[PDB]
Amino acid sequence: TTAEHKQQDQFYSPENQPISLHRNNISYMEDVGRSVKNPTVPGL
Amino acid sequence: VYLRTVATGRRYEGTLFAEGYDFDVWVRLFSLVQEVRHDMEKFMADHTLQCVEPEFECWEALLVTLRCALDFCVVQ
Amino acid sequence: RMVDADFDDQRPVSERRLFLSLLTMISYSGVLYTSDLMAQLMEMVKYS
Amino acid sequence: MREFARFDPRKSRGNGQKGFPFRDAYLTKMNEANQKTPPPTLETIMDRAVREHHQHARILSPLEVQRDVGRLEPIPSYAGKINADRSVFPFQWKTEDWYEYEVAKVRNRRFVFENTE
Amino acid sequence: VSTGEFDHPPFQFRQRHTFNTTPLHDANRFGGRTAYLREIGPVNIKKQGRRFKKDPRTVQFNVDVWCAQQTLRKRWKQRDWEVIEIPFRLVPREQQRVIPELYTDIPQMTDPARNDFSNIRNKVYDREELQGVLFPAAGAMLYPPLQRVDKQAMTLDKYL
Amino acid sequence: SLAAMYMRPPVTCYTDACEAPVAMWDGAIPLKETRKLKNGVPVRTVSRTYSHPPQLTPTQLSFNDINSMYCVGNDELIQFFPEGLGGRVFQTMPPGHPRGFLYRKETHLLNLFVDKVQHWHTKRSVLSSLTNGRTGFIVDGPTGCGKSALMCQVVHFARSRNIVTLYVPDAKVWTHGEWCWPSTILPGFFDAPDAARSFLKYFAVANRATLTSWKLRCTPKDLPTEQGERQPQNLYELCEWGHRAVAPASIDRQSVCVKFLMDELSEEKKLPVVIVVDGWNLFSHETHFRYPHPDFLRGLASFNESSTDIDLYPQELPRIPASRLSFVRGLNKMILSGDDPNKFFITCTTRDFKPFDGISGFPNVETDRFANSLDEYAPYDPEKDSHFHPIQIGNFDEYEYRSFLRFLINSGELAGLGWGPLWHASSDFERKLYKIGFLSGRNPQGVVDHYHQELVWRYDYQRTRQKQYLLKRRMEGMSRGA
Amino acid sequence: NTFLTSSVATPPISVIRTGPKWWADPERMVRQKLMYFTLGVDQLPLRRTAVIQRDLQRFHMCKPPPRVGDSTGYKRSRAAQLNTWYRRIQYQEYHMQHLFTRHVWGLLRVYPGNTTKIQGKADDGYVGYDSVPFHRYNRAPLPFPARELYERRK
Amino acid sequence: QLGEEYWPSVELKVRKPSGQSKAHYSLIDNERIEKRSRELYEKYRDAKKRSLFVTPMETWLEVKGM
Amino acid sequence: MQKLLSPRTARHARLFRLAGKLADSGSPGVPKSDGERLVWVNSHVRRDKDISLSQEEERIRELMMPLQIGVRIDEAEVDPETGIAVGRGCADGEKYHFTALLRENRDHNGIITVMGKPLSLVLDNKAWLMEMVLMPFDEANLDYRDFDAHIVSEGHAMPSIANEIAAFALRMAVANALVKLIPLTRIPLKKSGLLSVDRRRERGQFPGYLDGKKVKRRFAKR
Amino acid sequence: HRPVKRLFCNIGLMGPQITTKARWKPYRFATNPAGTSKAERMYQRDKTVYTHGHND
Amino acid sequence: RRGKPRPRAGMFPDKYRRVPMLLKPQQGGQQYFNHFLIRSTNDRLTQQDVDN
Amino acid sequence: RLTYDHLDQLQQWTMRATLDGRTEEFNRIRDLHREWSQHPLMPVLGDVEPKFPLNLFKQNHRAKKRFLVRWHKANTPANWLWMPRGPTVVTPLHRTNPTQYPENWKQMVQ
RNA sequence: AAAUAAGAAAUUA
Ligand SMILES: Nc1nc2c(ncn2[C@@H]2O[C@H](COP(=O)(O)OP(=O)(O)OP(=O)(O)O)[C@@H](O)[C@H]2O)c(=O)[nH]1
Ligand SMILES: [Mg+2]
C-alpha cells in the first residue's frame, strides 16, 4: 500500500476501528445465574 | 577454580568441605594454592609496565579453597 | 545469542542439545576457527 | 533564555524589572539540591551497553529516530548533544526564594535610572 | 502548593449533614474556629441573628485572618535560629559585603565565585563555629566542637 | 482453562498457605501444563507461572540475593517484633498476605555488620573502622524510602542471631506523646510513662531468653513490692517488675525501672547490645512538651488577685529537650561516654512531617493524608545533629523497584487480595510497571500508594485495544472455517 | 470520628447517581479499598463498581446508540435488565461500605454520628449531644454526659 | 566615617545548638545527679511503704503550699 | 557451606565482562568496585528473567481472555541552542493557561516539574490526574524518561491546581510542546484528540441568579 | 470551659494536644451545672433572665 | 420554569455542544495500533503454513 | 465518613492483633465479607425498579422523593433476593472456614 | 430551581 496510507491511515479513528462511539455500552459482563422473578418487595 | 573444585566437591550450583580425602591431600592442596599465588605474583611483577590485575574469580577461588582447608582442620 | 537470551518455544530444547547442534553445524563447515568463537564456546561448557 | 545566558548581576543596577533575571532559570540556579545531577541509572547504562556492544545496534535518542515512513531527514544538530544538569533545566526551585523574587520584582517597577551615561 | 481550604463556602439554602455535604459552620471547618461564626438553631429571622455572621465579605475576612495565623505559626515553628547582631569585623567572609534589604534587590547569591549559589538571606550559621565570637568572655569553649564525617574514610557504605 | 486440573503444591510454610482458591486467582496468575517423565512420557501436571518469594532465615540471605524479595514467616514475625514494626511498614502485610521484604544492598551491608557484632570482641578493629569510630550509624533519606523498613530488617537480623536488642519502633511515642510526667528519682528529668511502660513490656518478652541469664550488678535489692511478689534477680525480672502493676503505681514504678535498666545496660561490657531506634532525629531535639508554667508550682488562694495569668491567657514556655527525658538520657549517656564499645546504635530518621509550602490553609478533615503526621517543619541534618555515622538511602533503582512491584501485584493476587476474576480489566504487568514508575518516581511509599490507586486509572487503553484485536482475529477465524 | 451530629439519610440510588462527583470519586473509592485491603479481604464489589463506573465516565459525552422501533420491545427490556443489574452490583457495594465502616469503627473505639447503629455495641442508634434532648427514634430521654460504648483505658 | 561604632551591625541567623551539643544536656552535672538519685531512691522506697503512688512532689520536686 | 560471589552462569560471566569493559572506558555512573559490579550483573540477569516471565504470562492470558489532506505535518520549532520546544494548554478560557517547556534528556532520567515543584506534589499524588499528563508520551509511542519538562502557570493562580480540569489543560500543553519537538508525532496525538481544545466556561457571574450563576429566584403565583 | 482549656495549655505537659487531638463538649452542654444527670437540663434553665445562656 | 412544566430534555441545546468531536469518545491507545497490525500480518503467514 | 486517620488507627490495630496472635476478629470480618460480597444475579427480563407515576403530582412536588425513599426503605438488604446469601450458597471464590486460612498452616502440613 | 466545566440518556406536533 501507498506510504501515504501507512503514514496517515494507520491510526484508530471513527473510520478505521473505533472504540465504541456510543453511550450506555456493556462495561462489565460475568457468567452468573438468573435471579428469582420479582425479588423486590413492593412497599410503603 | 580447579583447586576450588577439589576443595569444595561442588561447582557453581553437612558439607563445609569435600569428604573422604586423606590428610595429605589437604596438605598438598595448600601447597598448590601457595604455588598458584606465587606464579600469579611473578606474572604480575613481570609485565607491571602494562598493568595486569588478578581477576575476581581467581582471588575468590583461592579464598574459598583456604576456608575449606580451615574447616577441615577444625573438624579434625 | 544462545547464552543470554531465553528461548521461547512450545517444546523447549535442552541447553546441551542446542549447544551440541550448533557445535556440529560449525564443525561440518570446514571453517577455520577464530579464537573468540572457541573461547565463547568453552565458556558455554564451563558453566553447564 | 537568551537574556539569561548573557545575564550578569552587576549590570542590573539602575534598571527596574528589566534588571531582573529570567525567573525560572535564576531560581533553579539558586537552589542547592538541584546542583547535584543524578548519573544515568545502572539499568539504563547496562541496557544501552548491551545493545551497542553485544547486539551491534546503538540505542537512538528519540530525536535521531527516523519517523517518516516516506522520507529521510537530516538529524537536528541538538539531537544527542545538549546535556542534563538539574541546575540548568527543568526549572525546580525553593518556595521562599520564589516568594521573595516575585515581591521584589513588583516593588521595584519604578526604581529605574532613566538618564544614564 | 497547599491543599487546604482558604475560602469560606458561599451562603445558600441551608446545608445539612449528609453523605457528601456538611453544615456551613460545622465544627470540622477551619479547625473548629467556625464556633466564632455560628448562630445556633432554627434562627427566627425577624427577631434574631447577628448580622455579621451571615455577611460574605466580613466572614471571609475573618477566615483570612485565621489562615494568616496558620501560616505565620508554621513559619515560626520552622525556625531553628535567632538573629544575632554581630559587628562587621567578626563576621564570616561571605557577609563582609553589602546586603540589600528585603525586597529591595534581586534575591542574592551567597558566593557565585566559590560555587555556592543560595540565598544569603536564608543561610544559617552554626552556634559552634561562631563560639569564639559570641562568647569571648568564657575562656574554655562552652559548646564542644562539631565532629565531622570523613568522606574519604572507608565505611560501611563504601562496601568496606 | 486448566483450573480443575490444578492441584496444590503441599504446604511447608506460613507463606505457602497464603494461596487462595484457584477460582479467585486463575486468570490473574496463569497456569501452565508441564510435561516431565514418570512411568509414561507425560503425566500432565498443572503449575502456576508465579510463586510467593521464598521464606528465608537471615542466615540464609546471601550476597547473591540482593535486590530480590524474601518472606518472613508469621510466627517469626510474632517472635521478633512484639513492639510493633516501623512506622508504615505493616501496610503491606494484611492478615492473609505473605510478609515480604526487599533485600536491598544496604540490607546486606547491615546484615554483615550485625553478623560481625555477634562476636564483636574478635572483630573489634573491623567494626570500629566500619563506623569510623562513631557508635553505629544513622540512616537518612527522603520521606518514604526504605528507612523504617531497613530498621525492621536489622531487628530481624539481630534477634534471629540471639543478640540483646532494644527496639524503639517509633520514637514519636516518646517525644510527641500522650503526656509527660516529671521522673521520680532523677531530679530535673522527665518521663513518657506510656511509652516507657509499653517498652518495658515488649523488650522483656522479646529478649527473655538472654535477659533471664543476665544477673544484676547494680540495682537495689530492696525494691518496693506487694505481698506475694518476688524480688527480681534478672534483667528480665526487673523489666517485669516495671510494667506489671495496677495504675497509678505503674507510673512511679516505670520511672525507677527505666533508670535502673539503663544503668544496668551501661554496666555490661562483654555482651553485644544492639540498639535500634526509628526516628532518632526526634530524640536529638525538643519533645513537644513544654515546662509547666511556674504558677502551677506555687499554690494559690484566688485567681482574683494572685498576680497570675494562667487562667486568662495561654502562653508558650520553653520546650522540654528530649535529652532531658530519662530514657533518652540513658542512651545519650552510653553514646557520649567512651569506654563502652559494647554497644551498637543502628538508628534511623523520620521525615514523616506534615507538608508546608509557604501558605497553609486548613486541612480538610475528610481528605487528609497527613492527619497522623508530626508538626515539625524544622530541618534536620544527621551530620551535625547526631554522633552516629550517617548512611544515605535513595529511592529504588529499577532493579529493586521491579522486584518489589512484581511482588505487590502478583503475590497480592495469589493471596486473593487483588483483581482476581476481574484480571482482564487491569492492564498487563509491564504497562503497570512503567506507569507506576512515572507516577511514583520509584519512591517506595509512592509505589505502594500508587499500586493501590491503580484501581481508579481512567486513561489506560491497553486491554481495550487488545480485546478488540482478539475479537477481530476470532471472527476472521470463523470466516475461514466457514 | 469527628462528624457527630444527627444526619439526613439519602436512598442508595440517589447516592449512586452522583457518579464521578461523589460515589465514584477516585479519591473516595481509593480509601475504601484501603480499608478492605488492610482488613485482609478482597475488594471484589468495589472493583466491579470501579469497572462499571470507569467506563461510564469514559463514554459520558457520547449519544446513545440509534434505536430501531420494535413491537417486541426486547431491546428496551435488555437495556433495562442490564441497567438494573449494574444498579444492584452497586447497591451491594454501598452496603458493604456502610457495613465494614461501622464494624471497623466498633474496633477503633470510634463513636458514630448521631442515630447510627454499630452492631455489637449500639444496637438501637447511638446518640450523645444531640440538639434534641431525647433519643430521636426511641423517644427515650438522653443521659448527661454522652453515653459511652467502650471501657475506659486507651 | 566617624568610626566603627557607627558601622551598622550584621544580622546573622545563628542556629540553636546542634543535636550533637544538645546530647550533652543529659550529662550536665552527672556525678551530683547519680549520687543524689541514690538518696532519692531511698526516699522513694520508704515513701512507698505508706502510699500506693509516689509523686515526684514527695521526692525531689518542691511545691509551695501557702 | 557458603555461596560463591563470582558469576554463576555463562550469562552472568558475559555481562560481568561487559561491565568491566565499561568501567575501563570511564563512562559516567559505572561502578568502580567489583562487588558493586557483581550486584549489578546479578540484578540485571534477574530483571531479564522477570521480563521473560511477564511475556509468558501474557501469551497464556491471551487465550483465556473473555471476548484528501490527512493531518498537517509541520517542521520542528525548536530553540537551536537550548533544544527546547514550547506548547500551551487552556481550560475554562481564563482559569487555566499553561505553557510547557519540553526538552530532551539524554541521561534517560527525565522529570516533569510544574511551577518549580515536582509533578507528584503539584497534583497531590492523585493518579487519575497525573496519568493525563502521561498520555501524550504514550500516544506518541515515546518513553517519558527521555524528556524533561517544566510547566508554567500563566492563568489565574491558585494554591492547589489538583483537579481534573487543570489536568486537562496540562495534558494539552505537554502535547503541543511534544508536537513542536517531534513533528510527526502530531498525527497520533491529533487522532487521539489531545491537541483538540474544548471551549467551556463557568457561566459569568450575574446578580439576577441566587447563587450568582445558574439559579433563578423564587416564584409565586400572584 | 474557657479557663479550664487555658490552664491545660499552660500546664504544658500535654502540650500541643489540647486543641488538636483532644475533644471538648459543645458550648451549651459544657455550661451545665455540676451534677447534671439528664440532657433535658439545658432546657430547664430560667427564661425570665437575660444572661445569653450564661445563667443556670 | 414558573408555574409551567419543564421542557423535555431534547428541547435544550446539546449538553456537550462545546466539546469537539475528537474528544467524544477519545480514541486513545494509538500506540498499540501498529503493534497489532504487525501481529495480525504475522498471524496470516502462520495460517498459510498450516494449509500449504 | 471514613478518614485516613481511621485507616492509620486500623493499621495499628491490625498489627497489634497480628502480633498477639488474635485470629478471631479477622475471622468475624472474613465471615461478614464472605456473606455479603457474593456476586448478584442477573435479573430476569421484565424486572425493574418502579418509577413514580407521571400525571399524579406536578414535577416539582415532594411526592416524588417521598416515593423513592419509601421504596428503598421497604427493600432492606435483608430483603435483597438478587444477592445469594445463605448456608445453601456455594462460594467458589472464597475460603469456607477458619481451618483454611494461613494462620492454620501447621495443620495443612503433611 | 436546573440539562451552559461539567459528569443525568429513551413514551414529538
Ligand atoms: N519489603 C520492603 N518494603 C519496603 C522497603 N522499603 C520500603 N518498603 C515499603 O515502602 C514503605 C516505605 O515506608 P517507610 O519505609 O516507612 O518510609 P520511611 O523511609 O521510614 O520514611 P519516613 O518515616 O516517612 O521518614 C514501607 O512501609 C514498606 O512497606 C524495603 O526495603 N523492603
Ligand atoms: Mg519511617
# chains A, B, ... in the order shown; residues from 1 in each chain; ligands from 1

call {"tool": "select_by_dssp", "arguments": {"residues": "region 5-157 of chain I", "states": "alpha helix (DSSP H)", "output": "PyMOL selection string"}}
result
chain I and resi 10-24+34-64+119-122+127-139

call {"tool": "write_last_selection", "arguments": {"atoms": "C-alpha atoms", "output": "CSV table (one decimal), in the first residue's frame"}}
result
chain,number,residue,atom,x,y,z
I,10,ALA,CA,27.7,-18.1,31.4
I,11,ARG,CA,25.2,-15.3,31.1
I,12,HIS,CA,26.4,-13.7,34.4
I,13,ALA,CA,30.0,-14.1,33.2
I,14,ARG,CA,29.4,-12.4,29.9
I,15,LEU,CA,27.6,-9.4,31.4
I,16,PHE,CA,30.3,-9.1,34.1
I,17,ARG,CA,32.9,-8.8,31.5
I,18,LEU,CA,30.9,-6.1,29.8
I,19,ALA,CA,30.6,-4.1,33.0
I,20,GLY,CA,34.4,-4.4,33.5
I,21,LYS,CA,35.0,-3.1,29.9
I,22,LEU,CA,32.6,-0.2,30.6
I,23,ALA,CA,34.4,0.7,33.8
I,24,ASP,CA,37.8,0.9,31.9
I,34,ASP,CA,34.0,-5.3,41.7
I,35,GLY,CA,31.4,-6.0,44.4
I,36,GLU,CA,29.1,-3.3,43.0
I,37,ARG,CA,29.7,-4.7,39.5
I,38,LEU,CA,28.6,-8.2,40.8
I,39,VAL,CA,25.4,-6.9,42.4
I,40,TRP,CA,24.7,-5.0,39.1
I,41,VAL,CA,25.2,-8.1,37.0
I,42,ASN,CA,23.1,-10.4,39.2
I,43,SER,CA,20.3,-7.8,39.3
I,44,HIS,CA,20.3,-7.4,35.6
I,45,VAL,CA,20.1,-11.1,34.8
I,46,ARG,CA,17.3,-11.3,37.3
I,47,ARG,CA,15.4,-8.4,35.6
I,48,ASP,CA,15.6,-10.1,32.2
I,49,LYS,CA,14.3,-13.4,33.7
I,50,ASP,CA,11.4,-11.4,35.0
I,51,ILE,CA,10.7,-9.8,31.7
I,52,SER,CA,10.6,-13.2,30.1
I,53,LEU,CA,8.1,-14.3,32.9
I,54,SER,CA,5.8,-11.4,32.1
I,55,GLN,CA,5.9,-12.2,28.4
I,56,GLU,CA,4.9,-15.8,29.1
I,57,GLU,CA,2.1,-14.9,31.4
I,58,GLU,CA,0.9,-12.6,28.6
I,59,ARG,CA,0.9,-15.3,25.9
I,60,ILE,CA,-1.1,-17.6,28.2
I,61,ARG,CA,-3.5,-14.8,29.3
I,62,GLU,CA,-4.3,-14.1,25.6
I,63,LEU,CA,-6.1,-17.4,25.2
I,64,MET,CA,-8.4,-17.1,28.3
I,119,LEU,CA,4.6,16.9,39.3
I,120,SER,CA,3.8,14.4,42.2
I,121,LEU,CA,3.4,17.2,44.7
I,122,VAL,CA,1.6,19.7,42.5
I,127,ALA,CA,-3.0,9.2,39.9
I,128,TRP,CA,-6.0,10.0,37.8
I,129,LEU,CA,-4.7,13.5,37.4
I,130,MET,CA,-1.1,12.6,36.7
I,131,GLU,CA,-1.8,9.9,34.1
I,132,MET,CA,-3.4,12.6,32.0
I,133,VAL,CA,0.0,14.2,31.8
I,134,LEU,CA,1.5,10.9,30.9
I,135,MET,CA,-0.8,10.2,28.0
I,136,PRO,CA,0.9,12.3,25.3
I,137,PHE,CA,4.1,10.4,25.7
I,138,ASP,CA,2.1,7.2,25.4
I,139,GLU,CA,0.1,8.1,22.3

call {"tool": "residues_near_ligand", "arguments": {"ligand": "ligand 2", "cutoff": "10 Å", "atoms": "only C-alpha atoms (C1' of nucleotides) and all ligand atoms", "output": "list in words"}}
result
residues 85, 86, 87, 88, 89, 141, 142, 143, 144, 145, 146, 147, 148, 149, 150, 151, 169, 170, 171, 278, 279, 348, 349, 350, 351, 352 and 445 of chain F

call {"tool": "atom_distance", "arguments": {"atom1": "CA of residue 72 (chain F)", "atom2": "CA of residue 38 (chain G)"}}
result
18.3 Å

call {"tool": "residues_around", "arguments": {"residues": "residue 112 (chain D)", "least_positions_apart": "6", "cutoff": "9 Å", "atoms": "only C-alpha atoms (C1' of nucleotides)", "output": "PDB file with N, CA, C and O atoms, in the first residue's frame"}}
result
ATOM      1  N   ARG D  13      21.809  46.989  38.074  1.00  0.00           N
ATOM      2  CA  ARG D  13      21.588  48.206  38.855  1.00  0.00           C
ATOM      3  C   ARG D  13      21.068  49.355  38.004  1.00  0.00           C
ATOM      4  O   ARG D  13      21.560  49.615  36.904  1.00  0.00           O
ATOM      5  N   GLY D  14      20.057  50.034  38.525  1.00  0.00           N
ATOM      6  CA  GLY D  14      19.517  51.202  37.866  1.00  0.00           C
ATOM      7  C   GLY D  14      18.423  50.883  36.871  1.00  0.00           C
ATOM      8  O   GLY D  14      17.859  51.791  36.263  1.00  0.00           O
ATOM      9  N   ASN D  15      18.125  49.602  36.702  1.00  0.00           N
ATOM     10  CA  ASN D  15      17.023  49.187  35.863  1.00  0.00           C
ATOM     11  C   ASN D  15      15.947  48.655  36.763  1.00  0.00           C
ATOM     12  O   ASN D  15      16.210  48.200  37.878  1.00  0.00           O
ATOM     13  N   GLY D  16      14.725  48.721  36.282  1.00  0.00           N
ATOM     14  CA  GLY D  16      13.587  48.281  37.052  1.00  0.00           C
ATOM     15  C   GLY D  16      13.524  46.788  36.914  1.00  0.00           C
ATOM     16  O   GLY D  16      14.528  46.088  37.046  1.00  0.00           O
ATOM     17  N   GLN D  17      12.313  46.300  36.738  1.00  0.00           N
ATOM     18  CA  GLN D  17      12.110  44.918  36.407  1.00  0.00           C
ATOM     19  C   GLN D  17      12.943  44.432  35.215  1.00  0.00           C
ATOM     20  O   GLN D  17      13.165  43.227  35.090  1.00  0.00           O
TER      21      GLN D  17
END

call {"tool": "residues_around", "arguments": {"residues": "residue 47 (chain K)", "least_positions_apart": "2", "cutoff": "12 Å", "atoms": "only C-alpha atoms (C1' of nucleotides)", "output": "compact mmCIF listing (two decimals) with C-alpha atoms, in the first residue's frame"}}
result
# COMPACT_ATOMS: atom_id res chain seq x y z
CA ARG F 473 -8.89 -12.37 14.89
CA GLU F 476 -11.63 -13.93 10.74
CA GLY F 477 -11.00 -17.46 12.02
CA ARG F 480 -12.14 -19.06 7.28
CA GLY F 481 -13.77 -22.08 8.92
CA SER K 40 -2.16 -9.83 12.55
CA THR K 41 0.04 -9.77 9.45
CA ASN K 42 2.37 -12.24 11.09
CA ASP K 43 -0.56 -14.50 12.05
CA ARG K 44 -1.76 -14.64 8.46
CA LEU K 45 1.58 -16.13 7.38
CA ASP K 49 1.91 -22.88 6.77
CA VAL K 50 -0.90 -24.95 8.25
CA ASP K 51 -2.70 -25.05 4.90
CA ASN K 52 0.19 -25.33 2.42

call {"tool": "residues_around", "arguments": {"residues": "region 10-15 of chain B", "least_positions_apart": "6", "cutoff": "9 Å", "atoms": "only C-alpha atoms (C1' of nucleotides)", "output": "list in words"}}
result
residues 4 of chain B; 47 of chain C; 1, 3, 4, 6, 7, 8 and 9 of chain I

call {"tool": "write_last_selection", "arguments": {"atoms": "C-alpha atoms", "output": "mmCIF file, in the first residue's frame"}}
result
data_model
loop_
_atom_site.group_PDB
_atom_site.id
_atom_site.type_symbol
_atom_site.label_atom_id
_atom_site.label_comp_id
_atom_site.auth_asym_id
_atom_site.auth_seq_id
_atom_site.Cartn_x
_atom_site.Cartn_y
_atom_site.Cartn_z
ATOM 1 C CA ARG B 4 38.400 -24.871 44.303
ATOM 2 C CA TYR C 47 29.164 -23.195 33.383
ATOM 3 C CA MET I 1 28.620 -24.194 53.090
ATOM 4 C CA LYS I 3 27.583 -19.176 48.346
ATOM 5 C CA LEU I 4 30.131 -18.009 45.785
ATOM 6 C CA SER I 6 31.752 -14.934 41.401
ATOM 7 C CA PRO I 7 29.429 -15.195 38.358
ATOM 8 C CA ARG I 8 27.257 -18.360 38.309
ATOM 9 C CA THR I 9 26.012 -18.787 34.737
#

call {"tool": "closest_residue", "arguments": {"among": "G:47, G:117, G:152, G:60", "to": "residue 7 (chain M)", "atoms": "only C-alpha atoms (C1' of nucleotides)"}}
result
G:60

call {"tool": "interface_residues", "arguments": {"of": "chain I", "to": "chain E", "cutoff": "9 Å", "atoms": "only C-alpha atoms", "output": "PyMOL selection string"}}
result
chain I and resi 33+35-36+117+121-122+124+158-162+210-211

call {"tool": "interface_residues", "arguments": {"of": "chain I", "to": "chain D", "cutoff": "10 Å", "atoms": "only C-alpha atoms", "output": "ChimeraX atom specification"}}
result
/I:14-15,18-19,21-22,27-31,37,40-41,43-44,47,76,78-84,101-118,142-143,146-152,181-185

call {"tool": "residues_around", "arguments": {"residues": "residue 101 (chain F)", "least_positions_apart": "6", "cutoff": "9 Å", "atoms": "only C-alpha atoms (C1' of nucleotides)", "output": "NGL selection string"}}
result
:F and (68-72 or 149 or 153 or 404)

call {"tool": "interface_residues", "arguments": {"of": "chain K", "to": "chain I", "cutoff": "6 Å", "atoms": "only C-alpha atoms", "output": "CSV table (one decimal) with C-alpha atoms, in the first residue's frame"}}
result
chain,number,residue,atom,x,y,z
K,18,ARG,CA,-18.9,23.0,23.1
K,19,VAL,CA,-16.7,19.9,23.2
K,20,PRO,CA,-15.0,18.9,19.9
K,22,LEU,CA,-12.4,14.2,18.6
K,23,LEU,CA,-13.0,14.3,22.4
K,26,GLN,CA,-11.3,9.8,23.0
K,27,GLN,CA,-9.7,7.3,20.5
K,28,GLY,CA,-6.7,6.7,22.8
K,30,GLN,CA,-3.0,4.8,19.3
K,31,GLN,CA,0.4,3.4,20.5
